Chemist: 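Here's a structure for you.
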Amino acid sequence: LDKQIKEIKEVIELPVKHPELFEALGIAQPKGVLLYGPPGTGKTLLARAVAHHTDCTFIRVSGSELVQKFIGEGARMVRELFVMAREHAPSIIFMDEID
Amino acid sequence: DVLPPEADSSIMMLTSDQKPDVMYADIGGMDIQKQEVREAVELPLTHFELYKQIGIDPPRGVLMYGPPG
Amino acid sequence: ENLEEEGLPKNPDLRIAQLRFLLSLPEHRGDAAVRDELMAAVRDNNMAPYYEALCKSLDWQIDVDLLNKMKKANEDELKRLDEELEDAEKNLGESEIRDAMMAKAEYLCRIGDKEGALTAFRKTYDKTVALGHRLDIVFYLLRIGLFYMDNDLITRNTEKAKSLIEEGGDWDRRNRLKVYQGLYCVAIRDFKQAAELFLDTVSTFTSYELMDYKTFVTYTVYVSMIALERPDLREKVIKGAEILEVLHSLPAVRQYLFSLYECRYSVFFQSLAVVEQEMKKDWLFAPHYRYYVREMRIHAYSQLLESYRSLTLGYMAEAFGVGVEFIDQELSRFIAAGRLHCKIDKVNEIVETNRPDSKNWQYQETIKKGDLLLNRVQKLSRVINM
Amino acid sequence: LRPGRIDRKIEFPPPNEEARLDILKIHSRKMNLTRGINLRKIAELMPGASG
Amino acid sequence: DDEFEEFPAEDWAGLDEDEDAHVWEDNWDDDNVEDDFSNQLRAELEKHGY
Ligand SMILES: Nc1ncnc2c1ncn2[C@@H]1O[C@H](COP(=O)(O)OP(=O)(O)OP(=O)(O)O)[C@@H](O)[C@H]1O
Ligand SMILES: Nc1ncnc2c1ncn2[C@@H]1O[C@H](COP(=O)(O)OP(=O)(O)O)[C@@H](O)[C@H]1O
Ligand SMILES: [Mg+2]
């Protein structure tokens, strides 16, 4: 997955480490990434690796109610998780669609 | 004070008399399930050093699922 | 067929260390082939600091043109690596930064710049995120330590590699570390641990950057015949499938092993002389070639005296194919050292075996090692008081 | 799928023979392996496999 | 410290090229002066006419 590693690097590692590259390019820094492929192909593996190497906090959002108490006692909107993410910026919010 | 770890337990281990009378021979035709349970439960208990030497990580838990009965 | 490609990077090339040791020997200082191979390696790798060290220690004539060309190549490559690192730290990510430093450290190690290589490897390790990459850097440090026989470096990096392998369950790296540790134990006369590690990795050997598999098996046999009991030697080495398969291509080593095992003592002595001449030229076994061989001789003597109540001196001499006087001198020397449990009746020339209890042999070692530890404690307290 | 929402879409196709060999090398490194395992042959023996 | 300059410090003149630099259980028997076992065995093989 060297090509995938480079592709996810240019979008998640560069904006965190070097926002000046995107500012000089005059383009908005990427904020959303999609990884699509058959199950077991390493999407979660690459997401965790890119979160680990850039020192970005890795948050997995499975929508499970068991963890809701940690997200917030409100739990009325999923954006209530952002308060946690902002507290651990840079952050990578990861969600895997089981389908 | 510090109480002994085995003390203060509302749940008790199975005594000799509480052991069920069901044998492996009593169960018919679950060789695959028997092998998986043995390799994941009873074999790591007696052969943990072998698992370490080979490089296998023994499974901490086993979830047995299927239709009732 | 892809065997050597499996091994770790060949930096530093331990063949260079072996050839340097060969040139250090008085017998082989003038060997044109050894000098030619070492110079070819130096020229190919542009080892300017190693060329300086070679011409300083061995008192050679430094080729000014060759030295200048190699130094210019080193300077240009170092400038290129510095430019790559500078580009990485500003534009590329942390992984590319670590790759650039790894390239710089590999080049420094390749040209023999030991101290610079150690500094660069420490810097690369400090911001290396992958555990396996860190362990590869530790193996690089271990190879550098083995290249210069740096005991402190080897011990520190062995402990670090053990910790890293414990953290991440890398059994391949565990086998490689076992091979490296066995090589070091060979270097420091720890033949028991070297034999144990070599036998553990006789069927998983992939460290072709250290030695060829045939050389590894020869070393394994050599340490096993000195560190293993007869049942262990039979079970692990004599009946070992991999060892026998390799020995099919090494008639001399198989003869040396089986002559001892099959009690062909004259054949064993001839093979021991051949093995001694082999150890003298090996940079790993050179400090111990006098020791090892002597021990082997004792083993042979002990074996011939283990099953018999008494043996005539003539019978021993005939069995070993030597003179009676030689057997007398050797047995007297080894009994005086306390290594053979027998006494010689020179009047009738009969060696009568003894069976001293293991309690005496444990008590003597207890006295010796307790005295060593007591001296350490005393000198430590002496340091503490002032 | 509207442009501008997902700034990059990355495909993770099932590994080919060489990628399967690389994954095999990575995962068999955690095991006590006999020397001379032909991991290339095993990779060829797993067509259309995932990591 | 009161270093012992009273005693005549005989010159080192030693080899700073890592003469031994080893850590073993070294014993005196390795220092016994003698030719190699190969030479001894070779010199005694022909002592019997072989
Ligand atoms: N392989 C088998 N051979 C013989 N009897 C069997 C076998 N499998 C199930 N049984 C029968 O199943 C009965 C009890 O079912 P059991 O408790 O083992 O099922 P279960 O999977 O635990 O069910 P549930 O999911 O409802 O708890 C026993 O009386 C036993 O005779
Ligand atoms: N390309 C790959 N290289 C190495 N390991 C992989 C690869 N793809 C999958 N794996 C292994 O499979 C396991 C689960 O894969 P995962 O990444 O969860 O699949 P998915 O991409 O569908 O989420 C991981 O623990 C990982 O070690
Ligand atoms: Mg998945």
Side-chain angles (χ1 to χ4, degrees), chain A residues 1-9 11-12 32-53 56 58-64 92-99, chain B residues 14 18-38 40-41 55-69, chain C residues 95 129-133 167-173, chain D residues 6 8-31 33 37 39-40 42-51:
Chain A
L1 296 186
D2 281 30
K3 165 192 177 176
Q4 284 86 355
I5 283 173
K6 188 171 184 173
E7 278 200 309
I8 197 163
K9 265 179 186 158
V11 155
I12 301 197
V33 196
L34 183 92
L35 318 178
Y36 61 100
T41 38
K43 292 157 303 173
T44 318
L45 188 78
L46 184 48
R48 190 69 191 88
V50 81
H52 190 268
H53 278 263
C56 297
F58 188 84
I59 304 119
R60 155 98 86 74
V61 180
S62 39
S64 192
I92 290 177
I93 296 174
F94 180 79
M95 329 147 270
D96 179 56
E97 190 178 350
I98 299 184
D99 203 13
Chain B
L14 253 65
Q18 310 197 232
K19 242 75 172 297
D21 89 2
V22 171
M23 314 255 306
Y24 283 134
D26 278 341
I27 299 168
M30 308 174 2
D31 301 299
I32 310 106
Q33 283 80 42
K34 281 172 192 172
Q35 192 202 40
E36 298 211 48
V37 168
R38 151 176 68 248
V41 176
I56 313 170
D57 318 285
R60 169 60 61 212
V62 161
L63 168 78
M64 311 168 8
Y65 68 101
Chain C
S95 211
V129 200
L131 176 67
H133 288 351
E167 280 176 23
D170 209 311
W171 246 114
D172 162 355
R173 297 280 106 102
Chain D
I6 294 177
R8 173 152 289 176
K9 285 164 277 262
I10 311 178
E11 188 198 1
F12 286 68
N16 55 12
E17 206 167 280
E18 204 85 3
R20 274 200 306 281
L21 176 63
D22 292 351
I23 301 168
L24 207 55
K25 287 186 210 221
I26 286 166
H27 285 291
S28 62
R29 222 167 290 206
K30 315 275 289 329
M31 315 192 72
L33 284 204
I37 303 270
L39 289 180
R40 154 82 42 73
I42 279 82
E44 301 173 335
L45 277 204
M46 269 168 321
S50 72

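Basis for what follows: all heavy atoms, side chains included, without hydrogens, waters or symmetry-related copies. By convention in this document, chain letters (A, B, ...) are assigned in the order of the sequence lines, proteins followed by strands, and residues within each chain are numbered from 1. Each ligand, and each atom within it, is numbered from 1 in the order the structure gives.
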Chemist: Who's closest to atom 22 (O) of ligand 2 heavy-atom-wise, of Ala47(A), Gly51(D), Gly40(A)?
Modeler: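 It is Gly40(A) whose heavy atom sits nearest to atom 22 (O) of ligand 2.
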Chemist: Under 4.0 Å from atom 30 (C) of ligand 1, is there at least one protein heavy atom?
Modeler: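 So atom 30 (C) of ligand 1 lacks protein heavy-atom neighbours under 4.0 Å.
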Chemist: Quick one: does atom 18 (O) of ligand 1 have a protein heavy atom under 4.0 Å from it?
Modeler: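 Protein heavy atoms within 4.0 Å of atom 18 (O) of ligand 1 - there are none.
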Chemist: Using the rule given for side-chain contact (heavy atoms from CB on, under 4.5 Å), can you reason through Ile42(D) versus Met46(D), listing the C-alpha separation, both sets of side-chain angles and the distance that settles it, and then say yes or no?
Modeler: CA-CA 7 Å; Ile42(D) 279 82; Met46(D) 269 168 321; 3.7 Å; yes
Chemist: Using every non-hydrogen atom in the two residues, find where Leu1(A) and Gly42(A) come nearest and quote the distance to one decimal.
Modeler: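 It is CD1-O, 4.3 Å.
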Chemist: Starting from atom 23 (O) of ligand 2, what is the nearest protein heavy atom, named by residue and atom, and what distance separates them?
Modeler: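 Of the protein heavy atoms, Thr44(A) OG1, 2.5 Å lies nearest.
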Chemist: If we only count N/O pairs under 3.5 Å, is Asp96(A) in contact with ligand 2?
Modeler: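 Min N/O separation from ligand 2 is not below 3.5 Å for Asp96(A).
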Chemist: Against heavy atoms of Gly42(A), which atoms of ligand 2 measure under 4.0 Å?
Modeler: 8 (N), 9 (C), 17 (O), 19 (O), 20 (P), 21 (O)
Chemist: Please find the pair of heavy atoms, one from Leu24(D) and one from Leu39(D), that lie closest to each other, and give the distance.
Modeler: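 For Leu24(D) versus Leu39(D), the nearest heavy atoms are CD2-O, 3.2 Å.
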Chemist: Does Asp22(D) reach the main-chain N or O of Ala19(D) with its side chain, forming a donor-acceptor pair under 3.5 Å?
Modeler: no
Chemist: Can you find a protein heavy atom under 4.0 Å from atom 10 (N) of ligand 1?
Modeler: no
Chemist: Just distances here: any N/O of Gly29(B) and N/O of ligand 1 closer than 3.5 Å?
Modeler: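 N/O-N/O distance below 3.5 Å does not exist for this pair.
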Chemist: Look at atom 5 (N) of ligand 2 and say which protein heavy atom is nearest, naming residue and atom and giving the distance to 0.1 Å.
Modeler: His27(D) NE2, 2.9 Å
Chemist: Considering only non-hydrogen protein atoms, determine which one is nearest to atom 26 (O) of ligand 1 and report residue, atom name and distance to 0.1 Å.
Modeler: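 So the nearest neighbour among protein heavy atoms is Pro68(B) CB, 3.3 Å.
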Chemist: Can you confirm, on distance only, whether ligand 2 has an N/O atom lying under 3.5 Å from any N/O atom belonging to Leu45(A)?
Modeler: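 There is such a contact, yes.
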Chemist: Are more than 12 heavy atoms, taken from residues, nucleotides or ligands other than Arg60(A), located less than 6.0 Å from that residue's CZ atom?
Modeler: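 Open: at most 12 neighbouring heavy atoms sit under 6.0 Å from CZ of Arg60(A).
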Chemist: Report the distance from atom CD of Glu11(D) to atom NZ of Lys43(A), rounding to the nearest 0.5 Å.
Modeler: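 Interatomic distance, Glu11(D) CD to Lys43(A) NZ, rounded to 0.5 Å: 11.0 Å.
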Chemist: Among all the protein's non-hydrogen atoms, which is closest to atom 1 (N) of ligand 2, and how far away is it?
Modeler: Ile23(D) CD1, 3.4 Å
Chemist: With only distance considered, is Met30(B) within less than 3.5 Å of ligand 1 through an N or O on each side?
Modeler: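 Not met; the criterion fails.
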Chemist: Please answer whether the main-chain N or O of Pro15(D) pairs with a side-chain N or O of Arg20(D) as donor and acceptor at a distance below 3.5 Å.
Modeler: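 Yes, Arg20(D) side chain to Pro15(D) backbone: donor-acceptor pair under 3.5 Å.
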Chemist: Any non-hydrogen protein atom below 4.0 Å of atom 3 (N) of ligand 1?
Modeler: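 Yes, at least one protein heavy atom sits under 4.0 Å from atom 3 (N) of ligand 1.
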Chemist: Has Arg173(C) got a side-chain atom pairing as donor or acceptor with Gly132(C)'s backbone, closer than 3.5 angstrom?
Modeler: no
Chemist: Atoms of ligand 2 less than 4.0 Å from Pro39(A) heavy atoms?
Modeler: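 The atoms of ligand 2 under 4.0 Å from a heavy atom of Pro39(A) are 22 (O).
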Chemist: Under 4.0 Å from atom 11 (C) of ligand 2, is there any protein heavy atom?
Modeler: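 So atom 11 (C) of ligand 2 has protein heavy-atom neighbours under 4.0 Å.
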Chemist: Is atom 24 (P) of ligand 1 close to the protein, meaning a heavy atom under 4.0 Å from it?
Modeler: yes
Chemist: In sequence, state the C-alpha distance, the side-chain angles, and the governing distance for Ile10(D) and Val11(A), and then conclude on side-chain contact (heavy atoms from CB on, under 4.5 Å).
Modeler: CA-CA 11 Å; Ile10(D) 311 178; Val11(A) 155; over 6 Å; no
Chemist: For atom 16 (P) of ligand 1, what's the nearest protein heavy atom and its distance?
Modeler: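 Sorting protein heavy atoms by distance from atom 16 (P) of ligand 1 puts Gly69(B) CA, 4.4 Å first.
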Chemist: To check you understand the geometry: which heavy-atom pair defines the closest contact between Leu14(B) and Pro20(B), and what is its length?
Modeler: CD2-CD, 4.3 Å
Chemist: Write out the residue and atom name of the closest protein heavy atom to atom 1 (N) of ligand 1, then the distance separating them to 0.1 Å.
Modeler: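 Looking only at protein heavy atoms, the one closest to atom 1 (N) of ligand 1 is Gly28(B) O, 2.4 Å.
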Chemist: Does NZ belonging to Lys34(B) count more than 12 external heavy atoms closer than 6.0 Å?
Modeler: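 Yes, enclosed.
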Chemist: Rounded to the nearest 0.5 Å, how far apart are CG of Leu21(D) and CD of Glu44(D)?
Modeler: 9.0 Å
Chemist: Which atoms of ligand 2 have any heavy atom of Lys43(A) under 4.0 Å away?
Modeler: 17 (O), 20 (P), 21 (O), 22 (O)
Chemist: What do you reckon, does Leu1(A) have a nitrogen or oxygen under 3.5 Å from a nitrogen or oxygen of ligand 2?
Modeler: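 No; the residue has no nitrogen or oxygen that sits under 3.5 Å from a nitrogen or oxygen of the ligand.
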Chemist: Would you indicate whether the side-chain heavy atoms of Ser95(C) and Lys6(A) approach each other to under 4.5 Å?
Modeler: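 Contact flag for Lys6(A)/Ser95(C) side chains = no.
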Chemist: For atom 21 (O) of ligand 1, is some protein heavy-atom partner under 4.0 Å away?
Modeler: yes
Chemist: Protein non-hydrogen atoms only, distance under 4.0 Å: does atom 25 (O) of ligand 2 have such a neighbour?
Modeler: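 So atom 25 (O) of ligand 2 lacks protein heavy-atom neighbours under 4.0 Å.
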Chemist: With respect to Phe94(A), which candidate in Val61(A), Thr44(A), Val33(A) satisfies the side chain to side chain contact (heavy atoms under 4.5 Å, CB included) definition?
Modeler: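 So, applying the side chain to side chain contact (heavy atoms under 4.5 Å, CB included) to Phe94(A) and each of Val61(A), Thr44(A), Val33(A), only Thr44(A) qualifies.
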